[PDB]
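In: Show me the folded form of this:
(2 chains)
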Amino acid sequence: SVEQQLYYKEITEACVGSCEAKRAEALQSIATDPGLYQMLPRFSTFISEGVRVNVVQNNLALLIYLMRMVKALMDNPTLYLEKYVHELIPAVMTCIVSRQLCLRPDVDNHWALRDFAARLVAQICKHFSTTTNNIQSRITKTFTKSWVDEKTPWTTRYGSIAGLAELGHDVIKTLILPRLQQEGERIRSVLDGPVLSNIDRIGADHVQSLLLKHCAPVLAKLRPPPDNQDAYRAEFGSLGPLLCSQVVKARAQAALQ
Amino acid sequence: XXXXXXXXXXXXXXXXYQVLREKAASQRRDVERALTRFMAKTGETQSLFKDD
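Out: Numbering: from 1, shown residues only, chains lettered A, B, ... in the order given. Below is the structure:
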């Protein structure tokens, strides 16, 4: 009819327009719509094509608008989102790839906001692994091919480490643990040598931040917390004793209850 | 026939005319009330009681 495209026009103009009260009200609207579907194909198609256009145009604000749009799609207990998930998995994960074609510092903090988008990827893996088991396998193979190889920029390694961080406990226990030391030696090759690659330097710095402050609790659970220097020697030096210090902080947070 | 022969699957029939148009009109009512609430709380507002 007519009201379908009126609602679509106003919800996309709220998606693009930066009216912050209307932003949060439209997000809570999508979060609180009983029976809003049959616009969901055009909704997801606009999401995927806007992700492609914003990868070309490098506008972080429309990217976090689309990620909050995906979050608002997640928070409805009525949306059977299943058959259209094959459009959302590229549209989020293409945001977790792109080739550092923005400006450097604050957009690196926006890469951390794309780690919040990897938290959205974790919510999709929690709610949609009921297929003939394909989704988690596909995402872990993609993150493994991103994580292992060389000729991979810090955007790709950063997003892969962030997605495997959001996937949870035994992902960090089994997949990050073996070549933790080799990628630590990669960051040590970025360290101590050249100076005037500061995109890559600050990138490897908050890569170290992700690695330390997400791989601390699984080593606190597995490895006992004596022998901080021996734990550094078992985990290639640079993690310790900040690994043991964050393990002590996690033990204090667990004992806080 | 459980091992040799096979069959074909459709798995989706409802075919209920009055129920289909009840669902369509209920979705139209939902779109009406949703856009009603949206631009009701969005723009310039005067109520029926005090502070509705």
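
In: Now do the same contact list for residue B:17.
Out: Listed by Cβ atoms under 8 Å, 6 or more residues apart in numbering or on different chains, residue B:17 has no contact partners. Every C-beta, even on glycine, is put in place using the N, C-alpha and C of the backbone.

In: how near is it to chain A?
Out: 19 Å (Cβ to the nearest Cβ, to the nearest Å).

In: Pull out the buried positions in the lengthiest helix in chain A.
Out: Secondary structure assigned by DSSP state H gives helix A:198-222 as the longest helix of chain A. Buried residues in helix A:198-222, counted by 16 or more other Cβ atoms under 10 Å in any protein chain shown: A:199-200, A:203-204, A:206-208, A:210-211, A:214-220.

In: Name the residues that touch it?
Out: Helix A:198-222 has contacts (Cβ under 8 Å, 6+ apart) with A:100, A:104-105, A:108, A:112, A:115, A:154-155, A:157-158, A:161-162, A:165, A:169, A:172-173, A:176-177, A:180, A:183-184, A:187, A:190-191, A:231, A:235, A:238-239, A:242-243, A:246-247, A:249-251.

In: near chain A, which residues of chain B?
Out: Counting by Cβ under 8 Å from any Cβ of the partner chain, the residues of chain B close to chain A are B:26-28, B:30-32, B:34-35, B:38, B:41-42.

In: rerun at 6 Å
Out: B:30-31, B:35 (Cβ under 6 Å from any Cβ of the partner chain).

In: Now which of these would you call buried?
Out: Using 16+ other Cβ under 10 Å as the burial test, those include residue B:31 as buried.

In: now residue A:147: how far from residue A:102?
Out: Between residue A:147 and residue A:102 the distance is 22 Å, computed by Cβ to Cβ, to the nearest Å.

In: Give me the more crowded residue out of the two.
Out: More crowded of residue A:147 and residue A:102, by other Cβ atoms under 10 Å in any protein chain shown: residue A:147, with 20 against 16.

In: Can you report how many residues lie near residue A:44?
Out: Neighbour number of residue A:44 under other Cβ under 10 Å is 20.

In: Which element, helix or strand, includes it?
Out: Using DSSP states H and E, residue A:44 falls within helix A:40-57.

In: Restricting to C-alpha, output the very next helix or strand once past that helix in CSV.
Out: Sequence-wise, the next helix or strand downstream of helix A:40-57 (DSSP H and E) is helix A:60-74. Extracted C-alpha coordinates of helix A:60-74, given in CSV (Å, rounded to 0.1, in the frame of the first residue of the first chain):
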residue,chain,number,x,y,z
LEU,A,60,32.1,6.1,10.4
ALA,A,61,28.9,7.8,11.7
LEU,A,62,26.6,6.1,9.2
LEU,A,63,28.5,2.8,10.0
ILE,A,64,27.6,3.0,13.7
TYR,A,65,24.1,4.1,12.7
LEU,A,66,23.8,0.9,10.6
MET,A,67,25.3,-1.2,13.5
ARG,A,68,22.7,0.2,15.9
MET,A,69,20.1,-0.6,13.2
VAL,A,70,21.3,-4.2,13.3
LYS,A,71,21.3,-4.1,17.1
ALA,A,72,17.7,-2.8,17.0
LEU,A,73,16.8,-5.7,14.6
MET,A,74,18.3,-8.1,17.2
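
In: I'm done for today, thanks for sticking with me.
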